[PDB]
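Comments concern the structure below.
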Amino acid sequence: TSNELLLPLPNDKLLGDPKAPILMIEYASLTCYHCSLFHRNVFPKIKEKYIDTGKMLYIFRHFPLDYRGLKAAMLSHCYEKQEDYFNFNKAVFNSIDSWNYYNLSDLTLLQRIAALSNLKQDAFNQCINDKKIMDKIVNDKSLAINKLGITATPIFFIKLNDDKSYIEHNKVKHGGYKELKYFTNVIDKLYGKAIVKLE
């Protein structure tokens, strides 16, 4: 069920305090141009203002649409520490202009990123060919299509980080590129309600 999907799951990768008052779940393709721009220009201030400060727990979930993006989503699993995993996805978004737009199977950009992060070639090769990880990514994607009605990206669910509450998923959904002021409005209002409730 959708309500069960909009909580931290045991295999989710987390960023920020697991017990933060607010929860943001994002689904996005790593090769999405507008997502890349959002991650370059808006997300860093969201992280500084709400994640680093313990106000909001962030959960990124992959939604790959192509070879590039699925292989990249797979390679992200070579990065275990929460900051490393986030920094890998950030590097892929930041490097979007550097894919090969003619040979869509060319993964030279991922070779670059792996080298810069000192990931050994044996680990790289294992991660980029790991069928168990590929299957998890594509099943989590089909589950989001089925249960949450996702088509385009980025999509965001922003809600109180309370496992006991029932909320209709479309009421906490935000789609597409949003400027910083949009999210600060939404998150500040939710946080204020969260704190009152917690006291």
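In the structure tokens, chains take the letters A, B, ... in the order shown, each chain's residues start at 1, and ligands count up from 1 in the order shown.
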
Original post:
Just asking: which residues within region 80-198 of chain A are strand (DSSP E or B) according to DSSP, as a PyMOL selection string?
Top reply: chain A and resi 155-160+173-175

Please produce a file of those selected residues containing C-alpha atoms, as a PDB file, in the first residue's frame.
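Okay, out.pdb is ready:
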```pdb
ATOM      1  CA  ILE A 155       8.603  13.960  -7.531  1.00  0.00           C
ATOM      2  CA  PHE A 156       8.720  14.673  -3.807  1.00  0.00           C
ATOM      3  CA  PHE A 157       6.658  13.526  -0.825  1.00  0.00           C
ATOM      4  CA  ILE A 158       6.987  15.853   2.183  1.00  0.00           C
ATOM      5  CA  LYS A 159       5.272  14.828   5.416  1.00  0.00           C
ATOM      6  CA  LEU A 160       5.647  14.575   9.177  1.00  0.00           C
ATOM      7  CA  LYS A 173       3.033  15.171  -3.283  1.00  0.00           C
ATOM      8  CA  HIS A 174       4.997  17.807  -5.237  1.00  0.00           C
ATOM      9  CA  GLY A 175       6.053  17.367  -8.835  1.00  0.00           C
TER      10      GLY A 175
END
```

Subject >> In region 4-176 of chain A, DSSP alpha helix (DSSP H) residues written as number ranges by chain >> reply: A: 4-5, 33-41, 43-46, 67-75, 82-94, 108-116, 121-128, 131-148

Residues within 12 Å of residue 188 (chain A), please, as a PDB file with N, CA, C and O atoms, in the first residue's frame. Count only C-alpha atoms; anything in the same chain fewer than 2 positions from it doesn't count.
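The resulting file, part_9.pdb, is reproduced below:
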```pdb
ATOM      1  N   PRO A  21      11.903  15.723  12.652  1.00  0.00           N
ATOM      2  CA  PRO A  21      10.459  15.977  12.634  1.00  0.00           C
ATOM      3  C   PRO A  21       9.834  15.812  11.247  1.00  0.00           C
ATOM      4  O   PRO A  21       8.706  15.327  11.184  1.00  0.00           O
ATOM      5  N   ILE A  22      10.545  16.197  10.180  1.00  0.00           N
ATOM      6  CA  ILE A  22       9.997  16.192   8.816  1.00  0.00           C
ATOM      7  C   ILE A  22      10.675  15.108   7.968  1.00  0.00           C
ATOM      8  O   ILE A  22      11.861  14.805   8.168  1.00  0.00           O
ATOM      9  N   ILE A  46      18.452  23.518   0.431  1.00  0.00           N
ATOM     10  CA  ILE A  46      17.523  22.706   1.213  1.00  0.00           C
ATOM     11  C   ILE A  46      18.321  21.859   2.199  1.00  0.00           C
ATOM     12  O   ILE A  46      17.973  21.757   3.381  1.00  0.00           O
ATOM     13  N   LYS A  49      19.754  24.154   5.023  1.00  0.00           N
ATOM     14  CA  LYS A  49      18.728  24.710   5.896  1.00  0.00           C
ATOM     15  C   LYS A  49      17.954  23.675   6.721  1.00  0.00           C
ATOM     16  O   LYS A  49      17.559  23.955   7.857  1.00  0.00           O
ATOM     17  N   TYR A  50      17.738  22.486   6.174  1.00  0.00           N
ATOM     18  CA  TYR A  50      16.815  21.541   6.817  1.00  0.00           C
ATOM     19  C   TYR A  50      17.419  20.190   7.149  1.00  0.00           C
ATOM     20  O   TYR A  50      16.967  19.543   8.081  1.00  0.00           O
ATOM     21  N   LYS A  55      16.306  19.076  10.965  1.00  0.00           N
ATOM     22  CA  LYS A  55      14.867  19.330  10.871  1.00  0.00           C
ATOM     23  C   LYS A  55      14.155  18.317   9.986  1.00  0.00           C
ATOM     24  O   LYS A  55      12.956  18.088  10.135  1.00  0.00           O
ATOM     25  N   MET A  56      14.897  17.745   9.041  1.00  0.00           N
ATOM     26  CA  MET A  56      14.289  16.928   7.994  1.00  0.00           C
ATOM     27  C   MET A  56      15.181  15.756   7.635  1.00  0.00           C
ATOM     28  O   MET A  56      16.382  15.929   7.448  1.00  0.00           O
ATOM     29  N   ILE A 158       6.522  15.156   0.984  1.00  0.00           N
ATOM     30  CA  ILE A 158       6.987  15.853   2.183  1.00  0.00           C
ATOM     31  C   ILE A 158       5.909  15.741   3.262  1.00  0.00           C
ATOM     32  O   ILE A 158       4.772  16.162   3.059  1.00  0.00           O
ATOM     33  N   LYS A 159       6.269  15.164   4.406  1.00  0.00           N
ATOM     34  CA  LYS A 159       5.272  14.828   5.416  1.00  0.00           C
ATOM     35  C   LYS A 159       5.922  14.707   6.780  1.00  0.00           C
ATOM     36  O   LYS A 159       7.138  14.579   6.877  1.00  0.00           O
ATOM     37  N   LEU A 160       5.113  14.745   7.836  1.00  0.00           N
ATOM     38  CA  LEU A 160       5.647  14.575   9.177  1.00  0.00           C
ATOM     39  C   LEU A 160       6.317  13.204   9.234  1.00  0.00           C
ATOM     40  O   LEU A 160       5.782  12.224   8.714  1.00  0.00           O
ATOM     41  N   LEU A 180      13.579  27.340  -4.586  1.00  0.00           N
ATOM     42  CA  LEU A 180      13.813  27.247  -3.148  1.00  0.00           C
ATOM     43  C   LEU A 180      12.640  27.774  -2.308  1.00  0.00           C
ATOM     44  O   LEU A 180      12.207  27.114  -1.370  1.00  0.00           O
ATOM     45  N   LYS A 181      12.124  28.960  -2.634  1.00  0.00           N
ATOM     46  CA  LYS A 181      11.019  29.545  -1.854  1.00  0.00           C
ATOM     47  C   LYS A 181       9.787  28.646  -1.780  1.00  0.00           C
ATOM     48  O   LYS A 181       9.069  28.646  -0.772  1.00  0.00           O
ATOM     49  N   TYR A 182       9.515  27.890  -2.842  1.00  0.00           N
ATOM     50  CA  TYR A 182       8.401  26.944  -2.793  1.00  0.00           C
ATOM     51  C   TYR A 182       8.620  25.926  -1.665  1.00  0.00           C
ATOM     52  O   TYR A 182       7.728  25.670  -0.844  1.00  0.00           O
ATOM     53  N   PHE A 183       9.792  25.309  -1.646  1.00  0.00           N
ATOM     54  CA  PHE A 183      10.055  24.292  -0.623  1.00  0.00           C
ATOM     55  C   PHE A 183      10.203  24.885   0.776  1.00  0.00           C
ATOM     56  O   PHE A 183       9.781  24.261   1.743  1.00  0.00           O
ATOM     57  N   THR A 184      10.809  26.063   0.902  1.00  0.00           N
ATOM     58  CA  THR A 184      10.903  26.640   2.249  1.00  0.00           C
ATOM     59  C   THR A 184       9.520  26.947   2.806  1.00  0.00           C
ATOM     60  O   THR A 184       9.286  26.769   3.998  1.00  0.00           O
ATOM     61  N   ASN A 185       8.602  27.392   1.949  1.00  0.00           N
ATOM     62  CA  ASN A 185       7.235  27.635   2.389  1.00  0.00           C
ATOM     63  C   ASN A 185       6.608  26.347   2.902  1.00  0.00           C
ATOM     64  O   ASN A 185       6.074  26.308   4.011  1.00  0.00           O
ATOM     65  N   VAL A 186       6.689  25.293   2.095  1.00  0.00           N
ATOM     66  CA  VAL A 186       6.073  24.012   2.441  1.00  0.00           C
ATOM     67  C   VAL A 186       6.697  23.414   3.709  1.00  0.00           C
ATOM     68  O   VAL A 186       5.979  22.953   4.616  1.00  0.00           O
ATOM     69  N   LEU A 190       5.116  22.937   7.684  1.00  0.00           N
ATOM     70  CA  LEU A 190       5.039  21.587   8.215  1.00  0.00           C
ATOM     71  C   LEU A 190       5.837  21.461   9.516  1.00  0.00           C
ATOM     72  O   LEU A 190       5.388  20.830  10.480  1.00  0.00           O
ATOM     73  N   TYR A 191       7.022  22.065   9.544  1.00  0.00           N
ATOM     74  CA  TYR A 191       7.900  21.965  10.705  1.00  0.00           C
ATOM     75  C   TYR A 191       7.257  22.643  11.910  1.00  0.00           C
ATOM     76  O   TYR A 191       7.313  22.133  13.027  1.00  0.00           O
ATOM     77  N   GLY A 192       6.636  23.794  11.676  1.00  0.00           N
ATOM     78  CA  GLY A 192       5.958  24.497  12.743  1.00  0.00           C
ATOM     79  C   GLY A 192       4.878  23.624  13.340  1.00  0.00           C
ATOM     80  O   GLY A 192       4.734  23.542  14.563  1.00  0.00           O
ATOM     81  N   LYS A 193       4.114  22.958  12.483  1.00  0.00           N
ATOM     82  CA  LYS A 193       3.075  22.052  12.963  1.00  0.00           C
ATOM     83  C   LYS A 193       3.697  20.878  13.704  1.00  0.00           C
ATOM     84  O   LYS A 193       3.223  20.491  14.764  1.00  0.00           O
ATOM     85  N   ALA A 194       4.781  20.332  13.157  1.00  0.00           N
ATOM     86  CA  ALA A 194       5.497  19.220  13.780  1.00  0.00           C
ATOM     87  C   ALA A 194       5.924  19.522  15.210  1.00  0.00           C
ATOM     88  O   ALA A 194       5.714  18.718  16.124  1.00  0.00           O
ATOM     89  N   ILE A 195       6.535  20.685  15.397  1.00  0.00           N
ATOM     90  CA  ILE A 195       7.072  21.048  16.707  1.00  0.00           C
ATOM     91  C   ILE A 195       5.975  21.229  17.749  1.00  0.00           C
ATOM     92  O   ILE A 195       6.123  20.807  18.901  1.00  0.00           O
TER      93      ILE A 195
END
```

Original post:
Which residues come within 6 Å of region 24-38 of chain A, counting only C-alpha atoms, excluding same-chain residues fewer than 3 positions away, as a PyMOL selection string?
Top reply: chain A and resi 41-42+58-64+69+93+153-158

Go ahead and dump the residues you just picked, C-alpha atoms, as a compact mmCIF listing (two decimals), in the first residue's frame.
```
# COMPACT_ATOMS: atom_id res chain seq x y z
CA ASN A 41 20.70 25.09 -7.84
CA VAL A 42 18.08 24.38 -5.19
CA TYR A 58 15.92 12.93 3.35
CA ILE A 59 15.34 9.69 1.43
CA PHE A 60 16.34 9.54 -2.26
CA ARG A 61 14.90 6.66 -4.28
CA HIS A 62 16.02 5.84 -7.81
CA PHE A 63 13.75 6.02 -10.83
CA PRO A 64 15.96 5.19 -13.80
CA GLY A 69 20.62 5.97 -15.48
CA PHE A 93 23.52 14.94 -11.53
CA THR A 153 10.45 13.34 -12.17
CA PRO A 154 11.45 14.81 -9.88
CA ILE A 155 8.60 13.96 -7.53
CA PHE A 156 8.72 14.67 -3.81
CA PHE A 157 6.66 13.53 -0.83
CA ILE A 158 6.99 15.85 2.18
```

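We find CA of residue 127 (chain A) and CA of residue 75 (chain A) to be spaced 5.3 Å apart.
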
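Closest approach to residue 78 (chain A) from the set A:128, A:109, A:96, A:116 is made by A:128, with distances taken over only C-alpha atoms.
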
**OP:** Name all residues at most 12 Å from residue 106 (chain A) (count only C-alpha atoms; drop same-chain ones fewer than 3 positions away) and give them as an MDAnalysis selection string.
**Re:** chainID A and resid 67:69 71:72 98:103 109:112

**OP:** Choose the residue, out of A:3, A:142, A:82, A:125, that has the smallest atom-to-atom separation from residue 107 (chain A); count only C-alpha atoms.
**Re:** A:125

**OP:** Tell me, in Å to one decimal, how far CA of residue 7 (chain A) is from CA of residue 85 (chain A).
**Re:** 19.4 Å

**OP:** Would you mind reading off the distance between CA of residue 65 (chain A) and CA of residue 45 (chain A), one decimal, in Å?
**Re:** 26.9 Å
